[PDB]
Every structure is written in C-alpha cells, then in structure tokens.
C-alpha cells in the first residue's frame, strides 16, 4: 500500500515557496547519492542526484532548484557562476520520505567535435557534469525553489493529467506520480487518470522505467504509460518513433480527454515541441477541427502546461 511520508506539516502551506535562497547567499546542501540512470547504449549519461537540504529548502512538486556550480563566472571575472535550473524529480517528501532531501535528473552535456568526435573539457557543460561527477558528502550551492508553471492542479483530485516528456523532462512527472500513487498523503487521494508518455533514444536511455511499470500493476484503472524509443522504433510514416507519434496512436482518446477538461503537460528539451505541434495540427485536421482554435481554448481554460528548455 502507500508509503508513509513525514512530516505532514509540509501540506499546510497555502502557497509554494519561492526564492527562499538567492544566488548571493545560497543554501549549502550536501549530496546523499549520485547514480547513473541509463545503460551502456544510451547516447549520453543521465544521472539521479539526491540532495540533503535539511528541510531548509522545501518545495512543491513541479518546481525547480537552482544550482550554482563552483568557479568564477567566465564573463564577469570575480563573479560567481550563473544559476542553472533543474526540474525537481522528487516529491516534497523526497526519496527518503522524510522531507529532508530532493532529487534531480541531470543529463551530462558533453561536447563532441562534429567532424572528428574529439572532446574538450572547456566545452562540456559546467553544472551538469559537476552534478553527475558529485559524490556523497560533496557540498552544493542551492537556490530557489522557483517556478509555478508546472505546479500540479489539485483542486479536482479526480482530474485527468496527460504528461508528455522527453529525456529529463520526465522529472516533474516522477514527482507528480509518486504523490498520486506511491505516498500516503491523506489530503490528496488521486482518483483520476494519469497518463505518461516518455520519448527517449533507446531502451538503455529509459528513466525510472521500473517505477512507472509498477504503477500499471498497482493502479491499472488510474494510470497509463507509453514509451517512444526513437533510434529503436519507427513511426507510421517511416520516421524515427517520437513521442508525438505515440500521442498520434491514441489521438481520439486524447482529444476526447482534452475536451473533457484534461490537463496536458510538456517537459524536456524545447526541440521536442515543433514535431508535437505538427502532429496535433494534423490530428485536428483529420478530425475536421482547427488546432489553433483548440489550443487557444486549452490555454484559456488553463489546461496547457509547458516547461521546455
């Protein structure tokens, strides 16, 4: 059954915390654990980082943490590095169910010369490698939390939530789904439909797959889960199987859910959105609908939630 979480006073706040810590005086947090989430055929490493904030930097599901990597700002010499934002991949209780830790899902940004493949440490992404290189006991400068675009609408505990992720965009949805299904939160008993779509490069690039697959067995009447593996599957038209091609497999069901008030969420690299928009336009057209009109209605009704980067 559901996992006991503490302390339940984390449910009492009426508003999400924002900018509790700021870049000029960050909170010095401590790494608990760092682990790769992916197998050897993945094109890059994505790691799972557990951070002990001691209860000093609480957050709501869907928010972001800021991390200030070490070193001087290369463009304001003598200045600290700029904040990098990461979608929190944990619930407000965290992976230890105690309200003291939060987790990040971090893709290593690694530079390869386009012609030769050669590497260059001055060109790798600073914060992402800093995080995935971290070890238990390392200190991390933490800011935030910040963001409200991806807060979970909880007014209707029987709402429908359609979650569209690529890569590390799965992060907010890991938090949503633990709150909906895994944790014992007496004031939020989810009885709607949660539907996760995840696009990644191949089977070895899947993120948290065992957790999501378990929800199919635990909550078969409230959870659905579909994956698109681009390098390893192909779409109806011969293209690489992308998350939008999976949406298209369920186009009638999805459009009916949207018309019924479902929330729909998008998270991941911003390059995911043009193909999704193209697919939704073609789906609408086949149904004899205007996607522009439909998207405007969804935004007007506060059903459309996008955090891409």
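Positions refer to the first chain, counted from 1.
Residue range whose averaged C-alpha B-factor is higher in the record, 187-195 or 75-83: Between 187-195 and 75-83, it is 75-83 that shows the higher mean C-alpha B-factor.
Mean temperature factor over C-alpha atoms, higher-scoring stretch between 171-179 and 209-217: It is 209-217.
Top residue by Cα temperature factor, when 156, 138, 98, 113 are compared in the entry: Answer, based on the entry's C-alpha B-factors: 113.
Selection from 150, 106, 228, 89 [criterion: highest C-alpha temperature factor in the record]: Each of 150, 106, 228, 89 was compared by C-alpha B-factor; the highest is 228.
Assigned third (lowest, middle, highest) for the C-alpha B factor of residue 222: For residue 222, whose C-alpha B-factor we compare with every modelled residue in the chain, the answer is the lowest third.
For residue 117, the third of its chain into which the C-alpha B factor falls: Top third by C-alpha B-factor.
Among modelled residues of the same chain, the CA temperature factor third for residue 34: For residue 34, whose C-alpha B-factor we compare with every modelled residue in the chain, the answer is the lowest third.
B-factor third for the C-alpha atom of residue 259 within its chain: Bottom third by C-alpha B-factor.
Ranked C-alpha temperature factor of residue 51 among modelled chain residues, by third: For residue 51, whose C-alpha B-factor we compare with every modelled residue in the chain, the answer is the lowest third.
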